[PDB]
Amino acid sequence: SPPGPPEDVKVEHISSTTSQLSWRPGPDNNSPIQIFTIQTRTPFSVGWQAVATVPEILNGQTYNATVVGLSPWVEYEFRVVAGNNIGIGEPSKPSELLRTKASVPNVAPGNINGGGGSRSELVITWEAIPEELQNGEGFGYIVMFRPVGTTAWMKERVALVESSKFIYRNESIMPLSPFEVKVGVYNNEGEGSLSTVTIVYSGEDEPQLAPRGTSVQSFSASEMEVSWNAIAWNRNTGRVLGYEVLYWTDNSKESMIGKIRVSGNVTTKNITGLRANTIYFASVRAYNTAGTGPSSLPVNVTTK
């Protein structure tokens, strides 16, 4: 028969990314055990995970091993499942829950980006890392930036693992000035790794005027097509990168608002997935990296 569960699983010592385990074997069930497997479970874990050991294979006479590949400052518990050459035994009762010792963070955030804000702002955004990779207390992000062609990095720390936006303010800078930026990590244990570099631009002035000549037309029941005039550019109005089309309705089934953007010089947008035989309003506004300008005068139509 497959073996009974191992007994008295205890962590002798635990460090940052490893631990020392000891266990007693369970009943042999007439078939000599030749294999032991260790598994692990954390709060952020789904059930139990297999885990690597030193030795990389545990034989039936092995009642001790070091577990490798643990995440620093994470709460761990371990169980041991015995194994036969006839079946796979039942898993043991978990060790007394314990937290691994802290270490500096090893994983820089992803999707580093930014742009927008005012003419005297550099706005930097990243994706806040998984909570289990803080690896210690007092965790935060290291935002590093510099003008292109400058050598010295400027940097400023941002506490809390959930934070994901930094704004640098400096009246000296000009609109859409390029910057080199990268974001790293830190905690009470010191500074961890940084991200690769990408380029982010300073902000600019919002568009000042509203698009005119707004009209709507409907050919289908799922669709209405909004139109308007392109905004002429004079340097004292903002630059117009494109147009945002707002559309709302107030029917029996619901009331909703929708946003859809077009890029460049496109002055027509067919909106899809609409409700049949329904009153819809539209309204258009120009956008650039800094946000939107004023809305146009609304128009309306009715679906087929």
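Residue numbers here begin at 1 and follow the sequence given.
A summary of the deposited B-factors shows that, of 209-217 and 102-110, the stretch with the larger mean C-alpha value is 102-110.
Higher average CA B factor: 9-17, of the stretches 278-286 and 9-17. Per the deposited coordinates, the residue with the largest Cα temperature factor out of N170, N85, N234, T198 is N85. Per the PDB record, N29 has a higher Cα B-factor than any other of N29, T53, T62, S255. Among all modelled residues in its chain, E132 ranks in the highest third by Cα B-factor. In the PDB entry, a CA B factor belonging to the middle third of its chain's modelled residues is recorded for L58. Remark: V80 belongs to the lowest third of its chain, ranked by C-alpha B-factor as recorded. Annotation for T42: C-alpha temperature factor in the highest third relative to the rest of the modelled chain, per the entry. In this PDB entry, the Cα temperature factor of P72 sits in the top third of its chain's modelled residues, the highest group.
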